[PDB]
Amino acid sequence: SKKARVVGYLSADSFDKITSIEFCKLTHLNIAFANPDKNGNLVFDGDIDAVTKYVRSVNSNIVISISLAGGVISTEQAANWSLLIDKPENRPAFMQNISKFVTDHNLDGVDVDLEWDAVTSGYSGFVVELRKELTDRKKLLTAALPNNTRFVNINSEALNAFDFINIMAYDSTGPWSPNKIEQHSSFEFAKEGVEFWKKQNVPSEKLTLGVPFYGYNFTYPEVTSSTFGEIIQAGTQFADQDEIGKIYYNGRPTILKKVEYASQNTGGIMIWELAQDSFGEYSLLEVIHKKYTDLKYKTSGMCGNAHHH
């Protein structure tokens, strides 16, 4: 059947924007991010129960996961990760803590967003053990992975354990490469990422194509980020292009292209990050929703979608 996922990341710092986010257009919501403290306990700064209560009242079928780690972790958090998963004898208590967090907060799964250097030697054993805990409790286990790099510390059993993966098909350049002044999330980069993970023997259905609701401003040597919402505030005439001088993002036509491509080549679309959108008429989440509906794909089945599915 014509169906697709629409997986949205929501940062803790975005919680006061949830009344503007159309959760009826998502199938999955990832709350970002929880991280371990010095004691092996998962810390989340924010009223996650209030958020999930509200979200489930908007879309009672949404699948809500806690996302772990994330792109921005402190040296202390990264060291706690390494201490907890790189020594197999430290994993047991941490794993129980993760499972109890999922139960205590009535969540549907866990998303692993350990990135780059935080993908340490214990990653695969951690994933395999956590996978069993969650499978046995009928919960999801997913991961966000880089566009076109296979980390040595992600073995095949771990990679295949995930219910699906979220390809981070963006950040091809950024503030860490301030002289590569160009698009950070081109259509070609997205296609490269999908093809790459298929070459890793991940089936199409288990791929989710990430798209960015932000861009980078290379005007000065210090590169800054701009949300799509901020770009539209600068002018609605910018909604349908990808570049303003040295600012590079994804406008509506390019998001639309990526949705058309995803419909034929992956199991869905992933969004970083929901509260960066332009809420209302120019919304990129709306572009995704409308395009999947026009293609006759079921996503949420709400708010106009999947009428004749």
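Throughout, we count residues from 1 along the sequence that is shown.
**Student:** Tell me which stretch, 221 to 229 or 139 to 147, has the higher mean Cα B-factor listed in the entry.
**Tutor:** 221 to 229 has the higher mean C-alpha B-factor.
**Student:** Looking only at CA atoms, which has the higher mean B factor in the entry: 298 to 306 or 4 to 12?
**Tutor:** Mean CA B-factor is higher for 298 to 306.
**Student:** Report the option among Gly280, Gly267, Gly251, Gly70 whose CA atom has the maximum B-factor in the deposited record.
**Tutor:** In this record, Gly280 carries the highest C-alpha B-factor of the candidates.
**Student:** For the listed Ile165, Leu107, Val112, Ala234, which has the peak Cα B-factor recorded in the PDB entry?
**Tutor:** Comparing C-alpha B-factors across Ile165, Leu107, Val112, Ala234, the maximum falls on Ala234.
**Student:** Please say which third, lowest, middle or highest, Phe33 falls into when its CA temperature factor is compared across its chain.
**Tutor:** Lowest third of the chain for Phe33's C-alpha B-factor.
**Student:** For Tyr216, return the chain-relative third of its C-alpha B-factor as stated in the PDB record: lowest, middle or highest.
**Tutor:** According to the entry, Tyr216 has a C-alpha B-factor in the chain's middle third.
**Student:** Comparing against every modelled residue in the chain, figure out the third that the C-alpha B-factor of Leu209 lands in (lowest, middle or highest).
**Tutor:** Within its chain, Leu209 is a lowest-third residue by C-alpha B-factor, going by the deposited values.
**Student:** Relative to the other modelled residues in the chain, which third contains the C-alpha temperature factor of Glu273: lowest, middle or highest?
**Tutor:** For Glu273, whose C-alpha B-factor we compare with every modelled residue in the chain, the answer is the lowest third.
**Student:** Using the B-factors in the PDB entry, rank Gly125's C-alpha atom against the chain and give the third, lowest, middle or highest.
**Tutor:** Middle third of the chain for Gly125's C-alpha B-factor.
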